[PDB]
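Undergrad: Before I ask anything, let me first share the structure, which is written out below as structure tokens.
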Amino acid sequence: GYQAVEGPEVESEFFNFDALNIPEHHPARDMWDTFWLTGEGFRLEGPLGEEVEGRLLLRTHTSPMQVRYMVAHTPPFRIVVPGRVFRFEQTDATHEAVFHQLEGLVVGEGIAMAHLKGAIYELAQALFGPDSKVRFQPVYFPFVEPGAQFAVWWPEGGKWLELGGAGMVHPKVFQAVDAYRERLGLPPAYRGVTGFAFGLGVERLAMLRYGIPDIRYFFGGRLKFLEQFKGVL
Amino acid sequence: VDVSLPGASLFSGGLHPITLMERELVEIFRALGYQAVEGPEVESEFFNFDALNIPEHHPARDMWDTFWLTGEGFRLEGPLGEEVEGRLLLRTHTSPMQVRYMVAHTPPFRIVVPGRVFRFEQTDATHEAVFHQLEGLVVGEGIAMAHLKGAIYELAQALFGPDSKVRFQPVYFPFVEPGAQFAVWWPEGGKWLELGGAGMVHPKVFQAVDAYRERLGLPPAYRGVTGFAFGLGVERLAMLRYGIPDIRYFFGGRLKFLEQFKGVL
Amino acid sequence: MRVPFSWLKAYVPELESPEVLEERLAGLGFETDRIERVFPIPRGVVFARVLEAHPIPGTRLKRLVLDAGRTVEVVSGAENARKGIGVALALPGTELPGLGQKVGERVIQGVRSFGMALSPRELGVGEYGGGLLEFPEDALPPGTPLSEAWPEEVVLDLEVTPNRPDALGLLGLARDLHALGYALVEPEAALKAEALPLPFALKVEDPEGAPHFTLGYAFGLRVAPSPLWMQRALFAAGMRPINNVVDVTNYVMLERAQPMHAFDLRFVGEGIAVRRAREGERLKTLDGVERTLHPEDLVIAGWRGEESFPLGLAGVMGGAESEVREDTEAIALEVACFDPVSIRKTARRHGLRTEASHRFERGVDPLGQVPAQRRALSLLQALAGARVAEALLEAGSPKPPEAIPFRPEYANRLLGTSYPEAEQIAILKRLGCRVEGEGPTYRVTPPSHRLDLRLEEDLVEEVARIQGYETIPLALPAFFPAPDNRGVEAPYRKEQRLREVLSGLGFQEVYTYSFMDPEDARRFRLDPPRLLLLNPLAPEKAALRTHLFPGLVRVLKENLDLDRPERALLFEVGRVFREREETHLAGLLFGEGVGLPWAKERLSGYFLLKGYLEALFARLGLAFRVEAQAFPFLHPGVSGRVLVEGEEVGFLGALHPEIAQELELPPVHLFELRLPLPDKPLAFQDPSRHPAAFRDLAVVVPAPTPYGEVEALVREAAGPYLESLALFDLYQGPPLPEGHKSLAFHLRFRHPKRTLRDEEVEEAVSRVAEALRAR
Ligand SMILES: N[C@@H](Cc1ccccc1)C(=O)O
Ligand SMILES: N[C@@H](Cc1ccccc1)C(=O)O
Ligand SMILES: [Mg+2]
């Protein structure tokens with residue numbers, strides 16, 4: 001029951017950092033190497049077509065969409081957000097500056113962690129298994145508490161794969177949302193509701209799945225490579 | 001060069017409206033976790049009638065005008081690849097699949113079964129002998145009618161609405177008690193559409209399943225579980241949806257017709 | 001952060017083993033990136049004490065006389081080498097990590113060296129190698145193999161998230177394991193302090209940067225090498241022992257996440273002043289680097305009369321001068337809490353990242369200063385036999401944390417679990433929280449060293465990790481989604497169906513970087529990028545693609561250079577950036593074209609690309625057509641704008657040759673559109689059974705005139721019964737006006753309800769011919 005929706009590759013420092021509990025001068029902002037932009041006459045659209053402000057940059061992850069969606073909608077719901085993200089990093093055999101992530105968010109009264117757990121578990125089964133399983137370890141994220149990182153059991157290759165992070169949507173995120181909504185004239189919708197969200201690296205999985213060895217291969221427009229996946233379905 | 005000129009005559013394909021409708025309906029139920037699976041067009045009187053509480057010489061068998069078959073060397077396969085017996089015929093509805101699936105699997109589950117069915121009838125503007133249905137079955141401990149109700153309700157919303165709604169009236173079917181017929185609210189055209197029948201899987205059906213399973217060596221799996229199933233006419237809906245006027249139109253291989261649905265998606 | 005099993009075990013005695021530990025930590029929120037064994041010391045190396053150190057005349061070497069059980073000599077070049085210290089002596093026959101060559105008895109310079117004393121680098125306990133390991137002269141009975149007092153160790157390379165600054169201290173972690181049910185052993189700081197007054201003063205001129213500041217006073221110090229166990233732990237922690245006093249400040253900094261520095265009183269003068277630096281102030285830092293200060297830099301200075309001089313860089317690194325050496329007998333101890341942001345700024349402002357800087361940036365326990373001072377002074381009294389004053393110099397009274405409201409029921413509600421209230425409290429309490437209240441909502445005040453604990457939720461994450469994330473059950477939610485979420489998928493879905501059709505039509509999909517080389521704005525005749533990077537990956541990816549096709553073409557090239565594909569047809573959907581972010585779709589064709597491989601002819605070029613384009617729309621149920629249009633990047637004559645269902649979006653054409661050649665490339669064909677494509681909701685329409693009216697017809701018009709207008713007119717005049725309208729042929733033509741052309745137009749007509757009476761056919765036919773060239 002998850003519905004797919006996309007966001008903008010060029011975002012505002014507000015949606016990318018501020019909205020999600022990410023501080024300016026503290027250690028958190030320092031986990032994402034961002035690309036800052038410049039230029040005039042560029043119009044960035046907010047969740048309701050309004051014009052928004054903030055230093056421009058390249059979405060560092062797909063989480064900002066979490067916000068735009070909530071500001072623009074009403075719980076309960078289940079969404080999933082694919083999208084290309086950008087990080088300032090040196091491109092090697094397993095690291096890129098340009099790649100894709102898949103964000104997931106499910107908000108509604110009653111949501112708990114067990115739901116997230118089942119969510120991910122179903123995903124595992126769907127990918128490998130039913131002889132596969134899931135691993136959930138606590139980890140830290142400014143926009144979720146509890147926060148966690150999850151690995152998946154690959155019966156074939158026999159190893160644990162760290163897939164992505166997830167957790168229970170942070171209260172200050174919900175706060176942010178409602179606050180911006182009212183500033184936009186809308187009534188608050190996220191008081192008294194719960195939610196979990198997750199995000200995973202796509203390239204990694206694609207590589208493990210379709211058996212690719214170099215992550216650089218994806219943005220390397222070589223045909224001999226691309227064609228290899230002609231009949232994948 | 002004159003660019004406004006026509007390019008190389010390349011073939012632009014299309015899909016049959018039933019396929020489109022089928023697809024659409026399927027994508028809908030898929031979002032509720034239903035999985036699509038098909039059955040055989042040629043069935044055994046056992047799966048078509050007997051398995052579902054349908055008697056031989058009583059008024060029930062008399063609600064489906066069946067096509068009986070004949071011929072030898074034809075091998076009909078049972079749910080487990082075994083050979084089964086019974087007078088051959090053309091599936092009169094997709095319900096038989098309900099059984100084959102249960103015999104072959106374990107609850108809990110949600111399935112949906114598209115498929116072409118056959119009924120001996122005179123072909124007119126709104127009646128065919130060959131058409132399609134979409135069966136739905138959800139078995140598991142705890143299942144109740146409210147689930148069916150929500151199921152159908154979600155379907156309505158998915159098709160029209162959220163300004164649309166559902167109507168559930170009691171009706172009689174040998175393989176479900178309670179039995180019911182359901183209509184859907186079409187906000188646009190403003191009328192009630194009788195869509196299909198549904199109900200809580202009948203106990204004797206579950207009984208049948210387990211009985212055949214054991215006869216096949218398998219342990220019983222449907223004792224202490226509940227379930228609901230439903231089935232709806234596809235052509236009707238496709239006609240209302242894509243705005244077609246003659247049901248005969250579907251099996252009438254006319255191109256001018258078929259192409260009309262080229263870009264439907 | 002390095003984590004030496006044995007050291008941590010000193011607070012958590014009941015640890016089962018490094019592996020079990022790796023387990024336990026993973027669960028508390030700490031992932032181990034590596035595990036290592038570390039102090040293998042062959043039987044050959046033993047403890048020896050330097051009775052005498054005689055220099056060899058004419059050389060920069062010394063002959064050391066050692067007590068290693070029996071007396072013995074070695075020759076050393078190490079500067080720190082001198083009488084009165086204990087040293088690591090590898091006897092002849094010993095196999096060392098570094099040298100594959102066994103240790104022996106070599107004659108060095110008139111003297112036969114029996115083995116050799118070792119540097120940390122040589123023994124393999126550290127990286128140093130620029131001097132001998134120095135030990136308390138009396139650490140062991142001369143000769144005893146070192147391994148006897150220096151056992152191998154196991155170190156865990158841990159990952160401490162920024163939300164757990166208290167974990168930059170081994171004692172912080174111990175506290176967590178304790179929460180799991182392990183026994184915790186806090187180190188007791190025994191101290192015999194004296195009444196006397198502190199011979200210096202403290203003045204905090206910048207309280208914003210130094211919220212909390214303390215000073216300790218120790219004198220009558222016997223500065224000497226640190227005891228083995230300490231050297232061992234420090235070395236294992238990846239830190240290098242200097243002397244007992246300095247070593248102590250480090251040990252404690254690693255114990256509790258509290259950095260501290262000892263300043264030789266010799267250089268303090270009248271007192272310590274915590275203040276910002278005066279423009280251009282100079283300071284030779286500890287690392288022997290001479291530096292100049294910026295006025296934002298907080299600093300620890302002293303003063304003599306009317307003299308104020310910098311002593312160390314507040315919370316980052318101390319001055320080289322004030323540092324503690326052998327001849328020091330009294331010092332002042334810096335133990336404070338600095339403002340993270342200033343440290344962050346100042347720290348990165350110069351090329352530095354120290355253990356101290358790191359901790360202060362992540363945050364220090366606002367109230368850990370004093371207990372930390374007691375801990376350090378106690379250690380000093382013990383290891384340097386320090387005399388310590390009972391009083392401290394304090395500056396700034398910080399506030400304690402507040403109670404956090406906590407509902408056990410809510411906790412469970414949130415996790416989807418069913419833990420009994422008591423179990424929860426017990427946990428929080430084991431974590432050092434105070435819990436008041438009778439229920440159902442409680443008053444929970446966290447320990448000050450815990451900065452990540454502010455909300456009720458933070459509190460829940462705790463019960464969770466301590467109970468174990470694996471103890472949370474599995475479930476699935478069920479609900480009818482708010483109505484405004486209904487249609488949502490459409491856009492995405494639309495884009496994908498399209499994506500799919502293409503691949504099925506014959507296009508290879510491609511993925512291109514969203515970056516752009518500002519230079520290509522020229523290379524390809526197009527306007528400049530509106531968005532630029534402030535930290536580009538490279539000057540050739542300093543802008544944001546405004547167009548898709550440039551990248552495609554570019555790909556074409558590089559493909560040709562790697563593998564030589566005869567033809568190529570592909571597309572790519574991506575986001576381009578102009579005044580607004582936009583979803584674009586472009587496709588490129590090149591090569592011989594299609595047809596029989598063996599047989600001569602092919603059919604390709606522009607009209608091929610169009611062929612496909614038209615079929616695509618045929619498949620999407622959209623009306624598309626093209627009209628010549630001048631495009632800076634497209635060869636003219638072979639240029640044209642694109643009209644999807646009655647709209648203008650994108651273009652199509654042959655790549656302008658000037659560019660074709662500016663690049664080692666031959667002829668290519670393009671097109672780039674804007675998405676989403678508009679859509680025509682189908683209006684079904686009954687086709688009639690009554691046979692159509694067929695016609696043969698041709699038009700003669702100027703060679704310049706576009707097919708368009710032609711079809712347009714003919715079509716607009718055909719009448720309401722025109723079923724079909726096609727073009728089966730045309731040629732310039734000898735038999736007609738030099739500047740005109742012929743047009744083979746096949747025509748069809750039909751009437752729904754009845755058959756078409758010829759009266760209306762050859763009639764409406766004129767309706768056209770009339771206004772046909774009547775125009
Ligand atoms: N997109 C996040 C992953 C994540 C999503 C949601 C919750 C927690 C983690 C990241 O950049 O790492
Ligand atoms: N396929 C059934 C419809 C139905 C299915 C399931 C339950 C009830 C009714 C029919 O022939 O009418
Ligand atoms: Mg926490």
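In the structure tokens, the first chain shown is A, the next is B, and so on; residue numbers restart at 1 for each chain, and ligands run from 1 in the order shown.
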Out of region 20-229 of chain A, which residues get strand (DSSP E or B) from DSSP, as number ranges by chain?
TA: A: 36-38, 45, 51, 56-58, 77-86, 92, 95, 98-108, 134-138, 141, 144-154, 159-169, 194-201
Undergrad: Kindly determine which residues of chain B lie within 10 Å of chain C, considering only C-alpha atoms, and give the answer as a compact mmCIF listing (two decimals) with C-alpha atoms, in the first residue's frame.
TA:
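As a result, result.txt now contains:
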```txt
# COMPACT_ATOMS: atom_id res chain seq x y z
CA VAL B 1 14.38 19.63 -46.15
CA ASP B 2 10.61 19.59 -45.55
CA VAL B 3 10.43 18.48 -41.95
CA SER B 4 6.63 18.57 -41.75
CA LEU B 5 6.73 15.49 -43.99
CA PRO B 6 5.61 12.06 -42.64
CA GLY B 7 8.33 9.77 -41.32
CA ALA B 8 8.91 6.05 -41.86
CA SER B 9 5.61 4.17 -41.54
CA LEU B 10 6.35 2.34 -38.28
CA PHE B 11 3.88 0.05 -36.58
CA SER B 12 2.18 1.46 -33.50
CA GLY B 13 0.81 -1.35 -31.33
CA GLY B 14 -2.01 -1.32 -28.83
CA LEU B 15 -3.71 -3.39 -26.18
CA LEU B 32 -4.08 -4.29 -1.04
CA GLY B 150 -13.67 -2.67 3.25
CA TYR B 153 -15.07 -0.14 -0.55
CA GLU B 154 -11.42 0.39 -1.36
CA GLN B 157 -12.68 4.54 -4.18
CA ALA B 158 -10.00 3.26 -6.48
CA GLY B 161 -14.78 8.65 -5.61
CA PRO B 162 -13.71 9.42 -3.02
CA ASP B 163 -17.18 10.65 -3.76
CA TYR B 242 -13.94 3.18 -21.34
CA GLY B 243 -17.45 4.13 -22.47
CA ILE B 244 -18.22 1.24 -24.86
CA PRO B 245 -21.86 0.57 -25.93
CA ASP B 246 -21.87 -2.98 -27.36
CA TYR B 249 -17.62 -5.29 -29.69
CA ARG B 254 -12.44 -4.90 -35.72
CA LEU B 255 -9.37 -2.67 -35.72
CA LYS B 256 -11.09 0.73 -35.88
CA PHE B 257 -12.41 -0.33 -32.50
CA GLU B 259 -7.06 1.09 -31.91
CA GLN B 260 -9.39 3.48 -30.17
CA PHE B 261 -7.66 2.31 -26.94
CA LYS B 262 -4.11 2.65 -28.13
CA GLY B 263 -2.91 5.26 -25.68
CA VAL B 264 -5.28 4.33 -22.81
CA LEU B 265 -2.01 4.25 -20.81
```
Undergrad: Would you kindly report the residues of chain A within 6 Å of chain C, using only C-alpha atoms, as a ChimeraX atom specification?
TA: /A:3-4,36-39,41-43,74-77,112-115,117-118,137-139,146,219
Undergrad: Considering only C-alpha atoms and all ligand atoms, give me a table of residues in chain A that are at most 9 Å from ligand 3, with the closest atom pair and distance in Å for each, as JSON lines.
TA:
```
{"residue": "A:140", "atom": "CA", "partner": "ligand 3", "partner_atom_place_in_ligand_line": "1 (Mg)", "distance": 7.8}
{"residue": "A:145", "atom": "CA", "partner": "ligand 3", "partner_atom_place_in_ligand_line": "1 (Mg)", "distance": 6.7}
{"residue": "A:146", "atom": "CA", "partner": "ligand 3", "partner_atom_place_in_ligand_line": "1 (Mg)", "distance": 6.9}
{"residue": "A:147", "atom": "CA", "partner": "ligand 3", "partner_atom_place_in_ligand_line": "1 (Mg)", "distance": 8.2}
```
Undergrad: May I have the residues from that selection written out with N, CA, C and O atoms, as a PDB file, in the first residue's frame?
TA:
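Below is the file that was written, part_24.pdb:
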```
ATOM      1  N   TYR A 140      22.096   6.671  15.202  1.00  0.00           N
ATOM      2  CA  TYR A 140      21.624   8.021  15.421  1.00  0.00           C
ATOM      3  C   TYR A 140      21.329   8.879  14.211  1.00  0.00           C
ATOM      4  O   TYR A 140      22.168   9.035  13.327  1.00  0.00           O
ATOM      5  N   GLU A 145      13.828   9.248  16.494  1.00  0.00           N
ATOM      6  CA  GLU A 145      14.173   8.721  17.794  1.00  0.00           C
ATOM      7  C   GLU A 145      12.952   7.906  18.232  1.00  0.00           C
ATOM      8  O   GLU A 145      11.833   8.431  18.316  1.00  0.00           O
ATOM      9  N   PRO A 146      13.120   6.575  18.350  1.00  0.00           N
ATOM     10  CA  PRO A 146      14.392   5.853  18.171  1.00  0.00           C
ATOM     11  C   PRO A 146      14.911   5.832  16.716  1.00  0.00           C
ATOM     12  O   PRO A 146      14.136   5.886  15.750  1.00  0.00           O
ATOM     13  N   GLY A 147      16.238   5.759  16.597  1.00  0.00           N
ATOM     14  CA  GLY A 147      16.888   5.703  15.299  1.00  0.00           C
ATOM     15  C   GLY A 147      17.477   4.310  15.195  1.00  0.00           C
ATOM     16  O   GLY A 147      17.714   3.675  16.231  1.00  0.00           O
TER      17      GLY A 147
END
```
Undergrad: Write out as a PyMOL selection string each polymer residue whose atoms come within 10 Å of residue 134 (chain A), counting only C-alpha atoms; drop sequence neighbours fewer than 6 positions from it.
TA: (chain A and resi 117-118+120-125+150-154+160-163) or (chain C and resi 470)
Undergrad: For those residues, write C-alpha atoms to a file as a PDB file, in the first residue's frame.
TA:
```pdb
ATOM      1  CA  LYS A 117      10.132  -3.890  11.628  1.00  0.00           C
ATOM      2  CA  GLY A 118       7.431  -5.795   9.723  1.00  0.00           C
ATOM      3  CA  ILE A 120      11.411  -4.079   6.415  1.00  0.00           C
ATOM      4  CA  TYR A 121      10.887  -7.769   7.089  1.00  0.00           C
ATOM      5  CA  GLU A 122       8.399  -7.983   4.258  1.00  0.00           C
ATOM      6  CA  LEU A 123      10.891  -6.230   2.038  1.00  0.00           C
ATOM      7  CA  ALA A 124      13.554  -8.840   2.883  1.00  0.00           C
ATOM      8  CA  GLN A 125      11.259 -11.704   2.068  1.00  0.00           C
ATOM      9  CA  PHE A 150      19.025  -2.306   9.387  1.00  0.00           C
ATOM     10  CA  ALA A 151      20.783  -5.168   7.675  1.00  0.00           C
ATOM     11  CA  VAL A 152      19.324  -7.959   5.615  1.00  0.00           C
ATOM     12  CA  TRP A 153      20.115 -11.662   5.420  1.00  0.00           C
ATOM     13  CA  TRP A 154      21.212 -12.873   2.033  1.00  0.00           C
ATOM     14  CA  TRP A 160      24.631  -9.529   6.171  1.00  0.00           C
ATOM     15  CA  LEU A 161      23.908  -6.462   4.087  1.00  0.00           C
ATOM     16  CA  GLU A 162      23.560  -3.097   5.669  1.00  0.00           C
ATOM     17  CA  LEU A 163      20.659  -1.669   3.713  1.00  0.00           C
TER      18      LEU A 163
ATOM     19  CA  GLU C 470      15.248  -7.631  18.571  1.00  0.00           C
TER      20      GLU C 470
END
```
Undergrad: Neighbours of ligand 1 within 9 Å, counting only C-alpha atoms and all ligand atoms, as a count of residues only?
TA: 34
Undergrad: Just want the residues within 9 Å of ligand 2, written as a PyMOL selection string, counting only C-alpha atoms and all ligand atoms.
TA: chain B and resi 63-64+92-96+98+133-137+171-176+179-181+196-201+228-233
Undergrad: Ranking B:167, B:30, B:204, B:23 by minimum distance to chain A and counting only C-alpha atoms, which one comes first?
TA: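 Closest to chain A of all the choices is B:30.
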Undergrad: Find the distance between CA of residue 192 (chain A) and CA of residue 437 (chain C) and write it in Å to one decimal.
TA: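 Taking CA of residue 192 (chain A) as the start and CA of residue 437 (chain C) as the end point, the length is 23.9 Å.
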Undergrad: For the alpha helix (DSSP H) assignment from backbone DSSP, which residues of region 80-139 of chain B qualify? Please present them as a PyMOL selection string.
TA: chain B and resi 96-104
Undergrad: Kindly save the residues from that selection, with C-alpha atoms included, as a PDB file, in the first residue's frame.
TA:
```pdb
ATOM      1  CA  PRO B  96     -13.182 -23.286  -9.376  1.00  0.00           C
ATOM      2  CA  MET B  97      -9.748 -21.638  -9.056  1.00  0.00           C
ATOM      3  CA  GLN B  98     -10.729 -20.890  -5.444  1.00  0.00           C
ATOM      4  CA  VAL B  99     -10.465 -24.580  -4.797  1.00  0.00           C
ATOM      5  CA  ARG B 100      -7.411 -25.478  -6.855  1.00  0.00           C
ATOM      6  CA  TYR B 101      -5.545 -22.698  -5.022  1.00  0.00           C
ATOM      7  CA  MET B 102      -6.604 -23.744  -1.561  1.00  0.00           C
ATOM      8  CA  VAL B 103      -5.823 -27.410  -2.184  1.00  0.00           C
ATOM      9  CA  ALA B 104      -2.379 -26.332  -3.348  1.00  0.00           C
TER      10      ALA B 104
END
```
